[PDB]
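> An experimental structure, sequence included, is below.
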Amino acid sequence: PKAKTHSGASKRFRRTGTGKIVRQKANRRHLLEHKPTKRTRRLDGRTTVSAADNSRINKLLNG
Amino acid sequence: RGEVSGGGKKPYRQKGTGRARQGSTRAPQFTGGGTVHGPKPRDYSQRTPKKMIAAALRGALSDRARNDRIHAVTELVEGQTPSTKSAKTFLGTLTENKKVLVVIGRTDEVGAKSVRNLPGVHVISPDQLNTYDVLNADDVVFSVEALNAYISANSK
Amino acid sequence: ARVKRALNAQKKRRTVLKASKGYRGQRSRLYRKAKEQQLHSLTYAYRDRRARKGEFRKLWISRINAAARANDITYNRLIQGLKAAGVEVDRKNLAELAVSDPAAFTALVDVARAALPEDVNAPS
Amino acid sequence: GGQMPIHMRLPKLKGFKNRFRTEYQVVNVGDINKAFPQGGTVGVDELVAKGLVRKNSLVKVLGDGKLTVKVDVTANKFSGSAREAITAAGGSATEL
RNA sequence: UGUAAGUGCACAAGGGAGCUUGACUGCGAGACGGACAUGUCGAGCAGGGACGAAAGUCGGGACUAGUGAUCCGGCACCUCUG
RNA sequence: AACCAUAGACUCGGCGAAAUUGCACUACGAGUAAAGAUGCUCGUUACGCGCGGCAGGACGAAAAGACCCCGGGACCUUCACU
RNA sequence: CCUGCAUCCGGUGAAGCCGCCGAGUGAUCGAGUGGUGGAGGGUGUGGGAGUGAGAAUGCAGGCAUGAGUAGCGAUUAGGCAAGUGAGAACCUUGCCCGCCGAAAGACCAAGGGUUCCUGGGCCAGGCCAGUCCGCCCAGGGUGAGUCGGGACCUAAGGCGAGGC
RNA sequence: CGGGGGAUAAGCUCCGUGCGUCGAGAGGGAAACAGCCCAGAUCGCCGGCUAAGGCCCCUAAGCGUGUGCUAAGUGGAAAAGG
RNA sequence: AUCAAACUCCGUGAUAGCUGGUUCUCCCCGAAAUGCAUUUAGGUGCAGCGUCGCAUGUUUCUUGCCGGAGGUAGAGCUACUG
RNA sequence: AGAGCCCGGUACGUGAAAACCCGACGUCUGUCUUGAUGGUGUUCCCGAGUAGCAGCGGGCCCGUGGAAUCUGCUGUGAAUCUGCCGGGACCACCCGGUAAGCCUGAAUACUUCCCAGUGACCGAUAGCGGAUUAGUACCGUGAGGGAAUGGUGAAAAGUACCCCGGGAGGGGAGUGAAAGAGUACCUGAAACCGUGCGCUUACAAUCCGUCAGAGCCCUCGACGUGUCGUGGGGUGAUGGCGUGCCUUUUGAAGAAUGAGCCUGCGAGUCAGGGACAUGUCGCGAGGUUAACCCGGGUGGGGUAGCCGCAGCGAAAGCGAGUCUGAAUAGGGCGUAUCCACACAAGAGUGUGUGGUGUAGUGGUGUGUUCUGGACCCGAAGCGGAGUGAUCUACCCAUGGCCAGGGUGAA
RNA sequence: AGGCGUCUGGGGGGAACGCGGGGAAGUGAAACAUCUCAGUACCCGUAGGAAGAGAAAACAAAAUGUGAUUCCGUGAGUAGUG
Ligand SMILES: [Mg+2]
Ligand SMILES: [Mg+2]
Ligand SMILES: [Mg+2]
Ligand SMILES: [Mg+2]
Ligand SMILES: [Mg+2]
Ligand SMILES: [Mg+2]
Ligand SMILES: [Mg+2]
Ligand SMILES: [Mg+2]
Ligand SMILES: [Mg+2]
Ligand SMILES: [Mg+2]
Ligand SMILES: [Mg+2]
Ligand SMILES: [Mg+2]
Ligand SMILES: [Mg+2]
Ligand SMILES: [Mg+2]
Ligand SMILES: [Mg+2]
Ligand SMILES: [Mg+2]
Ligand SMILES: [Mg+2]
Ligand SMILES: [Mg+2]
Ligand SMILES: [Mg+2]
Ligand SMILES: [Mg+2]
Ligand SMILES: [Mg+2]
Ligand SMILES: [Mg+2]
Ligand SMILES: [Mg+2]
Ligand SMILES: [Mg+2]
Ligand SMILES: [Mg+2]
Ligand SMILES: [Mg+2]
Ligand SMILES: [Mg+2]
Ligand SMILES: [Mg+2]
Ligand SMILES: [Mg+2]
Ligand SMILES: [Mg+2]
Ligand SMILES: [Mg+2]
Ligand SMILES: [Mg+2]
Ligand SMILES: [Mg+2]
Ligand SMILES: [Mg+2]
Ligand SMILES: [Mg+2]
Ligand SMILES: [Mg+2]
Ligand SMILES: [Mg+2]
Ligand SMILES: [Mg+2]
Ligand SMILES: [Mg+2]
Ligand SMILES: [Mg+2]
Ligand SMILES: [Mg+2]
Ligand SMILES: [Mg+2]
Ligand SMILES: [Mg+2]
Ligand SMILES: [Mg+2]
Ligand SMILES: [Mg+2]
Ligand SMILES: [Mg+2]
Ligand SMILES: [Mg+2]
Ligand SMILES: [Mg+2]
Ligand SMILES: [Mg+2]
Ligand SMILES: [Mg+2]
Ligand SMILES: [Mg+2]
Ligand SMILES: [Mg+2]
Ligand SMILES: [Mg+2]
Ligand SMILES: [Mg+2]
Ligand SMILES: [Mg+2]
Ligand SMILES: [Mg+2]
Ligand SMILES: [Mg+2]
Ligand SMILES: [Mg+2]
Ligand SMILES: [Mg+2]
Ligand SMILES: [Mg+2]
Ligand SMILES: [Mg+2]
Ligand SMILES: [Mg+2]
Ligand SMILES: [Mg+2]
Ligand SMILES: [Mg+2]
Ligand SMILES: [Mg+2]
Ligand SMILES: [Mg+2]
Ligand SMILES: [Mg+2]
Ligand SMILES: [Mg+2]
Ligand SMILES: [Mg+2]
Ligand SMILES: [Mg+2]
Ligand SMILES: [Mg+2]
Ligand SMILES: [Mg+2]
Ligand SMILES: [Mg+2]
Ligand SMILES: [Mg+2]
Ligand SMILES: [Mg+2]
Ligand SMILES: [Mg+2]
Ligand SMILES: [Mg+2]
Ligand SMILES: [Mg+2]
Ligand SMILES: [Mg+2]
Ligand SMILES: [Mg+2]
Ligand SMILES: [Mg+2]
Ligand SMILES: [Mg+2]
Ligand SMILES: [Mg+2]
Ligand SMILES: [Mg+2]
Ligand SMILES: [Mg+2]
Ligand SMILES: [Mg+2]
Ligand SMILES: [Mg+2]
Ligand SMILES: [Mg+2]
Ligand SMILES: [Mg+2]
Ligand SMILES: [Mg+2]
Ligand SMILES: [Mg+2]
Ligand SMILES: [Mg+2]
Ligand SMILES: [Mg+2]
Ligand SMILES: [Mg+2]
Ligand SMILES: [Mg+2]
Ligand SMILES: [Mg+2]
Ligand SMILES: [Mg+2]
Ligand SMILES: [Mg+2]
Ligand SMILES: [Mg+2]
Ligand SMILES: [Mg+2]
Ligand SMILES: [Mg+2]
Ligand SMILES: [Mg+2]
Ligand SMILES: [Mg+2]
Ligand SMILES: [Mg+2]
Ligand SMILES: [Mg+2]
Ligand SMILES: [Mg+2]
Ligand SMILES: [Mg+2]
Ligand SMILES: [Mg+2]
Ligand SMILES: [Mg+2]
Ligand SMILES: [Mg+2]
Ligand SMILES: [Mg+2]
Ligand SMILES: [Mg+2]
Ligand SMILES: [Mg+2]
Ligand SMILES: [Mg+2]
Ligand SMILES: [Mg+2]
Ligand SMILES: [Mg+2]
Ligand SMILES: [Mg+2]
Ligand SMILES: [Mg+2]
Ligand SMILES: [Mg+2]
Ligand SMILES: [Mg+2]
Ligand SMILES: [Mg+2]
Ligand SMILES: [Mg+2]
Ligand SMILES: [Mg+2]
Ligand SMILES: [Mg+2]
Ligand SMILES: [Mg+2]
Ligand SMILES: [Mg+2]
Ligand SMILES: [Mg+2]
Ligand SMILES: [Mg+2]
Ligand SMILES: [Mg+2]
Ligand SMILES: [Mg+2]
Ligand SMILES: [Mg+2]
Ligand SMILES: [Mg+2]
Ligand SMILES: [Mg+2]
Ligand SMILES: [Mg+2]
Ligand SMILES: [Mg+2]
Ligand SMILES: [Mg+2]
Ligand SMILES: [Mg+2]
Ligand SMILES: [Mg+2]
Ligand SMILES: [Mg+2]
Ligand SMILES: [Mg+2]
Ligand SMILES: [Mg+2]
């Protein structure tokens, strides 16, 4: 019975060339009126996930 | 437990009986019941690379040649007349060790049919040579045509 | 294959009973209850093997004190005199000699008394 | 522990798949130079024989390395650097 | 000293007066504490501005509270796809 | 409150029962501790083995407490939802 | 324990069991010795385990105490002479006494199937012993034109050709 | 040890302590007594030296030495006060 | 012989954040009962605390000296509020 | 008592009255040759309540969402070759096809039965519930549930005969190798109950042992009557020490639970080219085969597939670079790593040239993990299908039953 | 319509395998209505030794491609869906 890969994880994460895990930051979709300009600018872009939770994520994506 | 017969009911009440409190009549703890982890049908087939097997066979034959345990016979015994006595005499003259392997081409039957009965002899077609068979016997006797066919097929 | 626990357990149980032979009550007839008191016996033997040192030292000291008091000198002063004279013989030797050679014991006591200092109360 | 975890409380990736992709396979001019000392004509068949790219896939060459041997190149797509390198190496390259 | 307390402000951040919307865009070298994501500051570059002759300051409010993830959907624009 | 008879309880003859059961040549006064000790400290008493009687203790036997709470069922009621 | 391979032991006694004597730092070991037995085993090196018990108010089988203790299943109650036989208060004969008698008696239908008689014995059973038995063995035994049913008729109800 | 809740009560509860121990720790010491004092168990020895505490007998070691207090079994249960 | 929803075969080895049990040996090393969060408090994820290996290996710790900012203990009031 | 040459038979040969089925060889049945071949313009045909459309439901990944296709029901309802339907709404241009009628073997799925074979599967609490009276006895009026019971020996030669006795039972003498084989019959352990022998105890406060320890008794040596010895054994008068086992507990010898004893039975395994990690063997810029064929056989073929070989970007794409962006202007990702050489600040490092140059992939051991109940066992309750009103409730048709004595309406 | 006479066929059983319908609840989401369990158990009507399906109103996309149906391995746990 071939292994099952979690739908959400493979849909909300990505693998880079060398094997690091990347994600996107939250608190951006809506209601950013009071947020100053530098807020979204810093809150934009990608970032490498913290190494603390790396082990769990790797298991999910692989299955 | 789930496949043996019977044992479909709770044997008695739960509280107030006072004896051992049980759930089913054919539980693994009862005598005559099922087994926790019993052997189940399975298959022992194994994968082995062709390169590995060929290298093993080549090494075995190379060692046999190094130790000088290979001999070539044009033919076992005069054809169209099986005779075990002549074959036994010829094998004794050739070698005196207990066990020996003889390989003969498929299209010939008289040699095998005459050499079948010897206790320490095993017959094998040249196309089915295998490491276990070569190792088991101490010496190997090759027919000329069989040897030629094997060498040609392998070198091709 | 199917294997039957025939010999493995019976070997250990035979040796346990053989070692346990000589007890009282069920403890010498029932295997299950036996080994508990086997453990207790081994622990007690371990403990008293060490306690033997103190017990024998106690007996030797008692005997030496009795002999010295009979010979009219205290045990503490006798040991002090022996230490001053620098004779290293052991309490067991003194005890055996006293039970065997009262003359030798008296000679040793006299030597110790001679070797004793002038005043035991001096601040030195 | 009841709390919605990371895979539950983070946004999604940004975009779609575009199943109409048309990938090629990369070939390095430096590797070709290293593998073909004498030079000459090159093509998909001999490239596959040398085992540089998958046989059924589409072929495209890249010019990261340095070239010093005349060669005739036949492929499906080219990059500017590879084109200039081939031209300067005293050779010619054509596209189907 | 708008809104509680503390920390501060008598040189002002207290009050008065003239002009004007930087309560911009594109960026960010490095740090702050945090199990996780949330939170805070920042020199300096370019465009085009404001005030001021100049030097110079301005990416909201003397400071610390006035708020809310995910999914789904609406609206304007786009050199994406179809 | 007293007395008398019947069937047991008592000895003799025959057949022959159940619950429980960690162990035993299983005292007590004052203490000591998971706070109430036959089984630990100090001290006092006490020939070995039986039979007929009395039931304070051995937290005596009986049913994984009904009373309380936690978790899960069942039935019931309605202007709780569908 | 079962297995591939190479070896050795065995009706001149192989496997378990019960001792003696010893031995390793452990789970233990003895190609060292004694009794019982009669038919397969050990060492070396590989592969595979249903491969190791004391407790779950566990389960199958056997056996401990209470115990030679309680009871021996009512509201009537036995006694004597003789007989049988090895054994008799409990079996057979005879004579006294008591009890029941709208039943502790005489029968029908329903209900069981050989408990009925003759002949045999008393390792199983009868709450004790049994010559006895509703114990068993072997044989025998059930006679309707008129008694109860069917061949005579019907009810509450069931089946149901067609049909809905 | 320094604190809050409490009646400046609990063998109560809640904090902080490059704090000890028990929990996961035998021996000796205080009669017994996990959380106190000394002291960290590789094994054997019929050997020596010591910490804590003791030296009338139970019970090994001093009815030790020199200078002073006690009349209450104070020694071997506690305060205002007399 | 059981009824606030009878009995038998099956779905069926119904399912438990809950109670119980889990066996032959030796050598080395050796824990926590804390913080954050939680339809969460006797459950569970992460952090700290252990072991094996890999890589840089004294960067760890104690003492002496040197440069550093605090607002407790204390103390004080014609130095501010009482 | 372990047999190639003792017997049954195995290699090999033969072999059938009758019958079976297959295959091949023979009268008979029937279309066509009154008919076939290549061209042309005109008039008719190519499967009816169907296709399509509208509403309500199904199953295709599509869980009404824009909803393509097939299909169930209800209304409406079309055309015949420049006709019609299909290429995930739809229009236009292209491309394919001709539904509304019917048959069609071969590649595939399975064993109640019969024939022939195999077991690194079980050996009487295992093995199918069933090695014997077997779905029997037995329990339940019903559906139904569901038991335990092998080994004498070469043959019975199953102990003539005599004795004690009623028998049961036993002793001699014989059978036989054994009778320590006597139908209760192989090998015979522990709980359990014994008889004989040696030691010890009736003034004693013991989780019942250990360390010392006189006497008595048995034994091995040297020496003599009993006395020592690098001696062993059993008993123990008497002194010191000494709070059971497992669970769960911060905390228990407990008066927190489990254990009557004994022999058996009962527990981290398996399946998948799965995943991560870690050793082991070949190959090396390749590795690697499925399904399937030929071999009584594990062997030989089989390029269909999967991973590294270049990455960035949601994309049109580009490429040792790439996206953001007006910006060579900084940033995010990548060019194995390093050394050396030059340029910058020494804002920690970056920017340009040259080298050695990169290691992954198949089998397999082991720890964990994924999907199956996955360490073991454990309820109140739900649904489907079936069984009961012989007691108990009510009713229906049909009989029987009530001993004696008082009270006195119309 | 119905009624007579005469011929031809049918009423049940069978371990598994097929075709077309009907068709449940335990359980996971730490609950649960959507889902999943599952078109599973069971039932119904059905024949055979096999059955069903079957001769394009089929795919693909500018290749001058395949050419009835069925069954396996890949195509991939990907394009999607919740
Ligand atoms: Mg996906
Ligand atoms: Mg947006
Ligand atoms: Mg904005
Ligand atoms: Mg942006
Ligand atoms: Mg971690
Ligand atoms: Mg009981
Ligand atoms: Mg069982
Ligand atoms: Mg069974
Ligand atoms: Mg079984
Ligand atoms: Mg192969
Ligand atoms: Mg004794
Ligand atoms: Mg000492
Ligand atoms: Mg101002
Ligand atoms: Mg704003
Ligand atoms: Mg930063
Ligand atoms: Mg400017
Ligand atoms: Mg600025
Ligand atoms: Mg501001
Ligand atoms: Mg201002
Ligand atoms: Mg949501
Ligand atoms: Mg009175
Ligand atoms: Mg009287
Ligand atoms: Mg009486
Ligand atoms: Mg009485
Ligand atoms: Mg009486
Ligand atoms: Mg009796
Ligand atoms: Mg009990
Ligand atoms: Mg008390
Ligand atoms: Mg008390
Ligand atoms: Mg109490
Ligand atoms: Mg006590
Ligand atoms: Mg008491
Ligand atoms: Mg005691
Ligand atoms: Mg004491
Ligand atoms: Mg007295
Ligand atoms: Mg009571
Ligand atoms: Mg009780
Ligand atoms: Mg209750
Ligand atoms: Mg509740
Ligand atoms: Mg209900
Ligand atoms: Mg064996
Ligand atoms: Mg032999
Ligand atoms: Mg023999
Ligand atoms: Mg013998
Ligand atoms: Mg024998
Ligand atoms: Mg081997
Ligand atoms: Mg092995
Ligand atoms: Mg395995
Ligand atoms: Mg097993
Ligand atoms: Mg046992
Ligand atoms: Mg039992
Ligand atoms: Mg009893
Ligand atoms: Mg009695
Ligand atoms: Mg009585
Ligand atoms: Mg009676
Ligand atoms: Mg009589
Ligand atoms: Mg009467
Ligand atoms: Mg009458
Ligand atoms: Mg009457
Ligand atoms: Mg009747
Ligand atoms: Mg009758
Ligand atoms: Mg009769
Ligand atoms: Mg009779
Ligand atoms: Mg009798
Ligand atoms: Mg009887
Ligand atoms: Mg009879
Ligand atoms: Mg008649
Ligand atoms: Mg009718
Ligand atoms: Mg009809
Ligand atoms: Mg304090
Ligand atoms: Mg306090
Ligand atoms: Mg508390
Ligand atoms: Mg605390
Ligand atoms: Mg400690
Ligand atoms: Mg301690
Ligand atoms: Mg102590
Ligand atoms: Mg030590
Ligand atoms: Mg000293
Ligand atoms: Mg001191
Ligand atoms: Mg003394
Ligand atoms: Mg004194
Ligand atoms: Mg003095
Ligand atoms: Mg006092
Ligand atoms: Mg006082
Ligand atoms: Mg006073
Ligand atoms: Mg109900
Ligand atoms: Mg019932
Ligand atoms: Mg199921
Ligand atoms: Mg089942
Ligand atoms: Mg169950
Ligand atoms: Mg569970
Ligand atoms: Mg428990
Ligand atoms: Mg350590
Ligand atoms: Mg806290
Ligand atoms: Mg250093
Ligand atoms: Mg200072
Ligand atoms: Mg103060
Ligand atoms: Mg003041
Ligand atoms: Mg044999
Ligand atoms: Mg024959
Ligand atoms: Mg849908
Ligand atoms: Mg749709
Ligand atoms: Mg289209
Ligand atoms: Mg065409
Ligand atoms: Mg058509
Ligand atoms: Mg087929
Ligand atoms: Mg047996
Ligand atoms: Mg019945
Ligand atoms: Mg004989
Ligand atoms: Mg018997
Ligand atoms: Mg026997
Ligand atoms: Mg005495
Ligand atoms: Mg005492
Ligand atoms: Mg003691
Ligand atoms: Mg004591
Ligand atoms: Mg436990
Ligand atoms: Mg505890
Ligand atoms: Mg604990
Ligand atoms: Mg404890
Ligand atoms: Mg007790
Ligand atoms: Mg307890
Ligand atoms: Mg209790
Ligand atoms: Mg408890
Ligand atoms: Mg038991
Ligand atoms: Mg019992
Ligand atoms: Mg895995
Ligand atoms: Mg690996
Ligand atoms: Mg390697
Ligand atoms: Mg990508
Ligand atoms: Mg950059
Ligand atoms: Mg039900
Ligand atoms: Mg009925
Ligand atoms: Mg009238
Ligand atoms: Mg039919
Ligand atoms: Mg849940
Ligand atoms: Mg739930
Ligand atoms: Mg489904
Ligand atoms: Mg057919
Ligand atoms: Mg078809
Ligand atoms: Mg069709
Ligand atoms: Mg696929």
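That came through, no problem. Numbering: from 1, shown residues only, chains lettered A, B, ... in the order given. Ligands and ions are numbered 1, 2, ... in the order given.
> quick one, what contacts the closest residue to residue D:92 other than its chain neighbours?
Nearest residue to residue D:92 in three dimensions, chain neighbours excluded: residue D:72, at 5.9 Å (CB to CB, 6 or more residues apart in numbering or on different chains). Quick note: C-beta positions are derived from backbone N, CA and C, even for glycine. Applying CB atoms under 8 Å, 6 or more residues apart in numbering or on different chains, we find residue D:72 in contact with D:40, D:41, D:42, D:91, D:92, D:93, D:94.
> switch to 10 Å and redo it
Residues near residue D:72 by CB atoms under 10 Å, 6 or more residues apart in numbering or on different chains: D:39, D:40, D:41, D:42, D:43, D:86, D:91, D:92, D:93, D:94.
> again, but for residue B:61
Counting by CB under 10 Å, 6+ apart, residue B:61 has contacts B:69, B:70, B:129, B:131, B:134, B:140, B:150.
> so the second one sits right up against residue B:100, yeah?
No. With contacts counted by CB atoms under 10 Å, residue B:70 stays clear of residue B:100, the gap being 11.0 Å.
> Any part of the helix or strand harbouring the residue nearest to residue D:92 near RNA strand J?
Using DSSP states H and E, residue D:72 sits in strand D:71-75. No. Judged by CB under 7 Å from any atom of the strand, strand D:71-75 makes no contact with RNA strand J; its nearest approach is 11.6 Å.
> for whichever helix or strand comes after that strand, packing partners?
Next helix or strand after strand D:71-75 toward the C-terminus (DSSP H and E): helix D:80-88. Using 3 or more CB pairs under 10 Å, 6 or more residues apart in numbering or on different chains; DSSP states H and E, the elements in contact with helix D:80-88 are helix D:29-35, strand D:59-62, strand D:71-75, strand D:92-95.
> the helices in the chain, which residues?
Picking chain A for this. A:7-12, A:37-43, A:54-62 (DSSP state H).
> right idea, wrong chain: chain C
Going by DSSP H, chain C shows helices at C:7-20, C:31-70, C:75-85, C:91-100, C:102-115.
> Contact partners for the closest residue to residue B:24 other than its chain neighbours?
Take residue B:24 and drop its neighbours on the chain: the residue closest to it by CB to CB, 6+ apart is residue B:7, 5.2 Å away. Contact partners of residue B:7, counting by CB under 10 Å, 6+ apart, are B:1, B:23, B:24, B:25, B:26, B:27, B:30, B:32, B:33, B:34.
> contacting residues for the residue nearest to the spatial centre of chain A?
Centroid check for chain A by CA atoms, centre = their mean gives residue A:23 as the closest residue, at 2.1 Å. If a contact means CB under 10 Å, 6+ apart, then residue A:23 has A:12-14, A:46-50, A:57, D:6, D:10-11, D:13 as its contacts.
> Quick check: it vs residue A:41, distance?
To residue A:41, residue A:23 is 18 Å away according to CB to CB, to the nearest Å.
> now do residue A:51
Taking CB to CB, one finds residue A:51 at 26 Å from residue A:41.
> hey, what's the residue nearest to residue D:92 bridged with?
Taking DSSP bridges as the rule, residue D:72 bridges to residue D:41, residue D:92.
> Could you check how far it is from ligand 7?
Between residue D:72 and ligand 7 the computed distance is 82 Å (CB to the ion, to the nearest Å).
> Contact residues of chain D facing RNA strand E?
D:4, D:6, D:8, D:9, D:10, D:11, D:12, D:18, D:20.
> which residue does chain B bring closest to chain D?
residue B:51 (18.1 Å; CB to the nearest CB).
> Which helix or which strand is home to that residue?
helix B:50-66.
> Tell me if that helix is near RNA strand J.
Yes. Contact of helix B:50-66 with RNA strand J (CB under 7 Å from any atom of the strand) involves B:50, B:51, B:52, B:53, B:54, B:55.
> rewinding a little: let's have the helices of chain C in CSV, adding mean neighbour count and distance to residue A:19.
Shown next, in CSV, are the helices of chain C (neighbours: other CB atoms under 10 Å in any protein chain shown; distance: least, CB to CB, whole Å):
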stretch, mean neighbour count, distance to residue A:19
helix C:7-20, 12, 52
helix C:31-70, 13, 57
helix C:75-85, 16, 79
helix C:91-100, 15, 77
helix C:102-115, 15, 87
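> possible to save those helices as JSON lines with distance to residue B:17?
Output for the helices of chain C, formatted as JSON lines (distance: least, CB to CB, whole Å):
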{"stretch": "helix C:7-20", "distance to residue B:17": "33"}
{"stretch": "helix C:31-70", "distance to residue B:17": "28"}
{"stretch": "helix C:75-85", "distance to residue B:17": "75"}
{"stretch": "helix C:91-100", "distance to residue B:17": "71"}
{"stretch": "helix C:102-115", "distance to residue B:17": "82"}
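> So for RNA strand I, which of those sits nearest?
Comparison of those against RNA strand I by CB to the nearest atom of the strand identifies helix C:7-20 as nearest, at 7.6 Å.
> any bit of that closest one sitting next to RNA strand F?
No. Helix C:7-20 lies apart from RNA strand F when judged by CB under 7 Å from any atom of the strand; the minimum separation is 14.5 Å.
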